[PDB]
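Only the coordinates and a few stated rules stand behind these numbers; no lab work does. In this analysis, Cβ positions are derived from the backbone assuming ideal geometry, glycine residues included, and neighbour counts consider all displayed protein chains.
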Amino acid sequence: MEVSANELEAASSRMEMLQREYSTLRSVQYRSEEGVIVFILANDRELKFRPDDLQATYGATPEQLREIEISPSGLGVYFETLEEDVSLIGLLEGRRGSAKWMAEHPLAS
């Protein structure tokens, strides 16, 4: 809304402040038992979301969800096998994928 450009550093400052505000992702365990991807936080908080729920993993195999890395922002996750990212802040907001993904690929809910 403000008449500004780049120097505002808004989105960059957000990501950094979101690490210290909520948490960073330390580990992930795909539980074949529950059929869910459990995102373990730096406070040991287990965010429990399904592959069929998330954009990164919508129709992805369990083996691809064993070989997982943390996001380039350090917030969420980056499944390098899939070349996909599950944004941690998005999980907290319910934003399990992009706005276009959630509108054009609606979850059975």
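Compute the FRET efficiency between residue 44 and residue 81 as 1/(1 + (r/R0)^6), taking r as their Cβ-Cβ distance and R0 = 30 Å, and round to the nearest 0.05.
Numbers: r = 25 Å, r/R0 = 0.84.
Step by step, r from the Cβ atoms, then E = 0.75.
Please name which of 17, 57, 39 has its Cα lying farthest along the dipole of the chain towards the positive end, using unit charges on Cβ (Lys, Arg +1; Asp, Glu -1) and the Cα centre as origin.
Result: 39.
If you place +1 on the Cβ of every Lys and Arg, -1 on the Cβ of every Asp and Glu, and leave all else neutral, what size is the dipole of the chain about its Cα centre, to the nearest 20 Debye?
On the way: 11 positive and 20 negative charges, 63 e Å.
The calculation lands at about 300 debye.
Where the centre of each part is set by its Cα atoms, how far does region 1-20 sit from region 43-109, in angstrom?
23
By how many degrees, between 0 and 90 and to the nearest 10, does the Cα long axis of helix 10-21 differ from the longest principal axis of the chain?
Roughly 60 degrees, rounded to the nearest 10.
Report the relative contact order of the chain, percent, no decimals, based on alpha-carbon pairs under 8 angstrom and at least 6 residues apart. Provide the component values of the computation, followed by the final result.
On the way: 151 pairs, mean separation 20.3, N = 109.
Taking the mean separation of contacting Cα pairs over the length of the chain, I get 19 percent.
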